[PDB]
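In: this one's experimental. Sequence and coordinates below.
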Amino acid sequence: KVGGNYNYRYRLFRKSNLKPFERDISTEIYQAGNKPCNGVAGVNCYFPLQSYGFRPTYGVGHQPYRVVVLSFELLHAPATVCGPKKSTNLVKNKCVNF
Amino acid sequence: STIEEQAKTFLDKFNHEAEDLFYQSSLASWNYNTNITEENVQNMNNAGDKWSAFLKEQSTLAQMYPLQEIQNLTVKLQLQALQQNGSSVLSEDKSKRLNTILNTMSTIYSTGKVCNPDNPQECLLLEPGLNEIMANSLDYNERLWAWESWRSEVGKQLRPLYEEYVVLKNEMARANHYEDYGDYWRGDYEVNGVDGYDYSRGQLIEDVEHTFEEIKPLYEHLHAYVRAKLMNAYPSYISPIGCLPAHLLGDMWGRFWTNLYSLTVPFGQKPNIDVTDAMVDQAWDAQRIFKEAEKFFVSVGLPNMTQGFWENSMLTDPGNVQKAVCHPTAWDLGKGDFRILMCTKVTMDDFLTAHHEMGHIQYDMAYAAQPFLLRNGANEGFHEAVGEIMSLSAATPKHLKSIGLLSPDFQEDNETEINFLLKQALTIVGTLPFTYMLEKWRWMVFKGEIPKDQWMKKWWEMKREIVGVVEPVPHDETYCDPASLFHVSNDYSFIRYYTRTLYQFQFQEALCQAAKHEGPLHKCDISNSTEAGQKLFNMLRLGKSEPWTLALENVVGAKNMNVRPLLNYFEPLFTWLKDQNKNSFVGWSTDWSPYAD
Ligand SMILES: *[C@@H]1O[C@H](CO)[C@@H](O[C@@H]2O[C@H](CO)[C@@H](O)[C@H](O)[C@H]2NC(C)=O)[C@H](O)[C@H]1NC(C)=O
Ligand SMILES: *[C@@H]1O[C@H](CO)[C@@H](O[C@@H]2O[C@H](CO)[C@@H](O)[C@H](O)[C@H]2NC(C)=O)[C@H](O)[C@H]1NC(C)=O
Ligand SMILES: *[C@@H]1O[C@H](CO)[C@@H](O[C@@H]2O[C@H](CO)[C@@H](O)[C@H](O)[C@H]2NC(C)=O)[C@H](O)[C@H]1NC(C)=O
Ligand SMILES: *[C@@H]1O[C@H](CO)[C@@H](O[C@@H]2O[C@H](CO)[C@@H](O)[C@H](O)[C@H]2NC(C)=O)[C@H](O)[C@H]1NC(C)=O
Ligand SMILES: *[C@@H]1O[C@H](CO)[C@@H](O[C@@H]2O[C@H](CO)[C@@H](O)[C@H](O)[C@H]2NC(C)=O)[C@H](O)[C@H]1NC(C)=O
Ligand SMILES: *[C@@H]1O[C@H](CO)[C@@H](O)[C@H](O)[C@H]1NC(C)=O
């Protein structure tokens, strides 16, 4: 939207690297220095969300790009979701392999 | 938890918020510059003030990290660029006084009025009329009246203000450990802690004085030639062994000699190459020009335009009512948004200005991956040099005859060669002594070597000894002649116009050898060669991340600025001049004056 779309909120501060397929929605204040800040902004304590400033007059590489990540898992189930097959036709009165 | 790791944590947040706010401010400024209304002014001032306030708050916040415990060079560069107090280190009364006298000086220079002696209700400003009389008139008395009145009725109001501005700026500069306001200016070319590329703030003076010591043999011959030609338009006013009166030079100050071309043209019956009839013959418009410029740029190995450049840019003057300040500039709004604002007509000057602006656009596209505080040229003299080598190499006949603007054969002769070289010399070489002398005067004024009762005397002594011009009327110590120049009363540096002229030809000769040129240097064309593009891109993409003495070596092979390429460029004109002054007297004597009679 012209004027800024401030609803997309990638996080840029965390104490450790994420593990594979984890999610962190906490909103505690990041402690950079050595003096605790007790949950308020100020010096060496920041808000860990940095919402994108989307606008239409940007350059490719700064415009929004939706993403979908399909991921498959086959642990032990014998008959599961599967792809589609082209149902053949049934013939009659001929020696056939069926 | 150390003092270094917190610097990066602070720099990340600063980078992001700064990018956002700077984009907002630049968009407001553009929307004002392309569409002048009344509410756009306030909508621009709001965003500008918000950005300035954010910058000031981040600056006063950044003072917690000592620049001594930092180990990274990029972090140290960013912090040192952010930690600088600048102004506001003074008291409040002094800051208000400084801003008031700055605005008063700018206003006095902008709307100064002079009028006739016999018809006092005929007052002319500077821009519409004074630098037109001084540019087109061929009358001695009229030029003298204009040159004297502009300095007697405007320069005399700027002296009591300059005498206070000097002290205020000296105090502001000594509050930041700089010993004067001149060192604060020369601090841009400083480089520390690289072990092989150091550069003190005091070596710039010696470098400038040693590079100007080798341009004198050429400027002397150019001066003698222009004098022997001016002794025919104003007879009995110029002496064959004296200097030139300062009002017969082409403009109000003598900065560019380019208006003396109609008088001092070598061969006046051979028209210099000017493809303007062919453009209107093939019906070129405001868009084909930029298409051709982009094609020339992509020929050497640089990327296309970002495709957001074509819809948002203003390449033509809007018609009905869209009053727009179209002074050709290239914008860098950020976040991948580049635009160009210019009123293009169908001429040759616009055909070269398009290349000049797209040079800046390509430079801006180069270093767009650096942090926010490191997106600029290596110093104040790289941007315009890069933007100028393009228009230099794009106006040759060999390049013009492949686009289609010239006849297919068009044999070239040496007379038009000398015409073009001399028209180039009156603008390139005619300003280096003036710039050097003015900046030397300002450095000596700020340093405290010229007491405030010897300003005009020393100014005219140096103008007689270095530039080689003399004043037509004695100027006592009530006048202030330098203060009548735009860059002196509006507080802008002036040493960039000297180093740019050297960097330009250094780059041109460095690129002429990768493209494997054969003939003289002024016939170079870098197009259709991917080596020149690679060498230039190895420097364009650095920004301020590296010291400039290293970004320069990555192109030319040396560290310090040199003057040999300029002389190699002007060699043919030099030999021709050295054979046209067999009978004249090369040099000048500082005793003859037009009034001592
Ligand atoms: C130039 O600016 C003026 C005012 O800033 C614009 O005039 C009006 O702007 C409002 C803003 O939403 C529009 O709703 C109106 O339709 C505009 N009036 C007219 C007569 O167009 C003007 O549109 C701006 N010009 C351009 C080219 O953007
Ligand atoms: C601190 O210094 C190191 C090296 O001295 C920098 O590491 C470079 O990081 C950039 C991008 O982060 C890489 O492209 C380079 O290849 C790295 N160089 C080396 C030698 O590893 C680091 O970037 C510096 N810190 C900051 C904030 O810039
Ligand atoms: C920049 O200005 C400040 C004053 O606004 C200078 O004074 C220091 O400011 C810091 C920040 O609070 C204090 O901790 C110091 O005690 C102040 N005095 C000092 C350091 O002597 C500061 O020195 C200035 N720095 C620069 C680089 O100009
Ligand atoms: C341009 O080149 C021509 C020859 O290519 C020059 O003409 C010769 O100039 C020399 C030196 O004055 C004379 O000795 C010859 O007699 C000339 N030859 C002819 C056929 O005229 C000409 O002088 C050059 N012009 C410039 C400005 O350099
Ligand atoms: C750069 O090189 C290209 C290709 O080598 C040149 O394009 C050809 O130039 C010749 C010369 O007249 C023409 O006959 C061809 O029709 C051109 N081909 C195309 C596809 O346009 C181009 O002229 C060169 N440019 C410069 C400035 O030297
Ligand atoms: C630039 O754009 C033109 C289309 O106008 C295309 O033909 C060419 O391949 C592009 N070159 C690059 C380097 O993107």
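Out: Received the coordinates, thanks. Numbers count the residues shown, from 1 in each chain, chains lettered A, B, ... in the order given. Ligands and ions are numbered 1, 2, ... in the order given.
In: what's the neighbour count on residue 70?
Out: No chain in the question, so chain A it is. As a burial measure, residue A:70 scores 4 neighbours (other CB atoms under 10 Å in any protein chain shown). From N, CA and C alone the C-beta is placed, and that goes for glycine too.
In: looking at chain B here, not the other one
Out: Other residues close to residue B:70 by other CB under 10 Å number 18.
In: distance of the residue of chain A found nearest ligand 6 relative to ligand 1?
Out: Chain A approaches ligand 6 most closely through residue A:60 (12.6 Å), counting by CB to the nearest ligand atom. Distance of residue A:60 to ligand 1, computed by CB to the nearest ligand atom, to the nearest Å: 24 Å.
In: can you pull out the strands in the chain?
Out: You didn't pick a chain, so chain A it is. Listed in chain order, the strands of chain A (DSSP state E) span residues A:30-31, A:45-46.
In: ah, I was thinking of chain B
Out: In chain B, the strands defined using DSSP E lie at B:244-245, B:329-334, B:337-341, B:469-470.
In: show me how far the third one is from its chain's centre.
Out: The chain centroid and the centroid of strand B:337-341 are separated by 21 Å under CA atoms, centre = their mean, to the nearest Å.
In: near ligand 1 at all, that strand?
Out: No - applying CB under 6 Å from any ligand atom, one finds strand B:337-341 separated from ligand 1 by no less than 13.4 Å.
In: can you count the residues close to residue 76?
Out: You didn't pick a chain, so chain A it is. The local packing of residue A:76 (other CB under 10 Å) involves 4 other residues.
In: actually it's chain B I care about, not the one you picked
Out: For residue B:76, the count of nearby residues is 19 (other CB under 10 Å).
In: in chain A, which residue sits nearest ligand 4?
Out: Nearest to ligand 4, among the residues of chain A, is residue A:59, at 51.3 Å (CB to the nearest ligand atom).
In: buried deepest among the strands of chain A, which one?
Out: With neighbours taken as mean count of other CB atoms under 10 Å in any protein chain shown, the strands of chain A reach their highest mean count in strand A:45-46, at a mean of 18.
In: what's that one in contact with?
Out: A:13, A:29, A:30, A:31, A:32, A:33, A:37, B:9, B:13 (CB atoms under 8 Å, 6 or more residues apart in numbering or on different chains).
In: right, so of the strands of chain B, which gets closest to ligand 4?
Out: Closest of the strands of chain B to ligand 4 is strand B:244-245, at 24.8 Å (criterion: CB to the nearest ligand atom).
In: sheet partners, orientation included, of the closest one?
Out: For strand B:244-245, the pairing partners within the sheet under DSSP bridges are strand B:469-470 (parallel).
In: now residue B:282: how far from residue B:410?
Out: Applying CB to CB, to the nearest Å, the value for residue B:282 to residue B:410 is 16 Å.
In: now swap in residue B:582 and tell me
Out: For residue B:582, the distance to residue B:410 equals 34 Å [CB to CB].
In: do the same with residue B:437
Out: Going from residue B:437 to residue B:410 by CB to CB gives 42 Å.
In: looking at those two, which one has more neighbours?
Out: Neighbours per residue, other CB under 10 Å: of residue B:437 and residue B:410, the larger number sits with residue B:437, 18 against 10.
In: shouldn't the more buried one be in contact with residue B:468?
Out: No - using CB atoms under 8 Å, residue B:437 is not in contact with residue B:468; the gap is 10.0 Å.
In: indicate the residue of the stretch 351-500 of chain B located nearest to ligand 4.
Out: At 3.8 Å from ligand 4, residue B:414 is the closest residue in the stretch 351-500 of chain B, using CB to the nearest ligand atom.
In: against residue B:396, how distant is that residue?
Out: The gap separating residue B:414 from residue B:396 is 15 Å, by CB to CB.
In: could you pull out the buried residues of the longest helix along chain B?
Out: Determined from DSSP state H, the single longest helix within chain B is helix B:5-34. Neighbour-count burial for helix B:5-34, counted by 16 or more other CB atoms under 10 Å in any protein chain shown, picks out B:6-7, B:9-11, B:13-14, B:16, B:18-30, B:32-34.
In: just stretch B:226-241 next, same as before
Out: So stretch B:226-241, judged by 16+ other CB under 10 Å, has buried residues B:226, B:227, B:228, B:230, B:231, B:238, B:239.
In: which of those residues sit farthest apart?
Out: Distance extremes for the buried residues of stretch B:226-241: the farthest pair is B:226 and B:239 at 13.9 Å, using CB to CB.
In: skipping adjacent residues, who's closest to residue A:18 in space?
Out: Nearest residue to residue A:18 in three dimensions, chain neighbours excluded: residue A:24, at 6.8 Å (CB to CB, 6 or more residues apart in numbering or on different chains).
In: nearest to ligand 2: which residue in chain A?
Out: Per CB to the nearest ligand atom, residue A:12 is where chain A lies closest to ligand 2, at 13.7 Å.
In: count residues in the vicinity of that residue, would you?
Out: Neighbour count of residue A:12, defined by other CB under 10 Å: 14.
In: pretty sure it is touching residue A:47, no?
Out: No - with contact defined as CB under 8 Å, residue A:12 does not reach residue A:47; the gap is 9.9 Å.
In: mind checking how far residue B:527 is from ligand 2?
Out: From residue B:527 to ligand 2 the distance is 32 Å (CB to the nearest ligand atom).
In: that residue and ligand 5: what is the separation?
Out: Separation of residue B:527 from ligand 5 (CB to the nearest ligand atom) stands at 4 Å.
In: repeat for residue B:217
Out: From residue B:217 over to ligand 5 the distance is 35 Å, taken as CB to the nearest ligand atom.
In: how many other residues sit next to that residue?
Out: Neighbourhood size, residue B:217 [other CB under 10 Å]: 12.
In: same check, this time on residue B:125
Out: Neighbour number of residue B:125 under other CB under 10 Å is 13.
In: what sits against the spatially closest residue to it that is not a sequence neighbour?
Out: In this structure, residue B:125 finds its nearest non-sequential neighbour in residue B:113, 6.2 Å apart by CB to CB, 6+ apart. Listed by CB under 8 Å, 6+ apart, the contact partners of residue B:113 are B:123, B:124, B:125, B:153.
In: report the separation between the nearest residue to the first one once chain neighbours are set aside and ligand 4.
Out: Read it as residue B:123. Nearest-residue entry for residue B:123: residue B:115, 3.6 Å, with adjacent residues in sequence omitted and distances by CB to CB, 6+ apart. Look at residue B:115 and ligand 4: by CB to the nearest ligand atom, they are 47 Å apart.
In: now residue B:115: phi and psi?
Out: Backbone torsions of residue B:115, given as degrees, to the nearest 10, read phi -150, psi 170.
In: can you tell me the closest non-neighbouring residue to the residue positioned nearest the centre of chain B?
Out: In chain B, the residue lying closest to the centroid (CA atoms, centre = their mean) is residue B:497, at 4.4 Å. Once flanking residues are discounted, residue B:497 sits nearest to residue B:435: 5.1 Å by CB to CB, 6+ apart.
In: so how far is ligand 2 from that neighbour?
Out: Using CB to the nearest ligand atom, one gets 37 Å for the distance from residue B:435 to ligand 2.
In: could you measure from that residue over to residue B:215?
Out: Look at residue B:435 and residue B:215: by CB to CB, they are 11 Å apart.
In: for residue B:140, same thing?
Out: For residue B:140, the distance to residue B:215 equals 30 Å [CB to CB].
In: give the contact list for the residue of chain A found nearest ligand 3.
Out: For chain A and ligand 3, the shortest gap (CB to the nearest ligand atom) falls at residue A:43, measuring 11.2 Å. Contacts for residue A:43 were tallied using CB under 8 Å, 6+ apart; they are A:33, B:61, B:64.
In: excluding its backbone neighbours, what's nearest the second one?
Out: Distance criterion CB to CB, 6+ apart; nearest residue to residue B:61, sequence neighbours excluded, is residue A:43 at 7.2 Å.
In: what about chain A: which of the buried residues of stretch B:226-241 touch it?
Out: Among the buried residues of stretch B:226-241, no residue sits close to chain A (CB under 8 Å from any CB of the partner chain).
In: now, which of these sits nearest residue B:76?
Out: Distance to residue B:76 across the buried residues of stretch B:226-241 (CB to CB) is lowest for residue B:226, with 49.6 Å.
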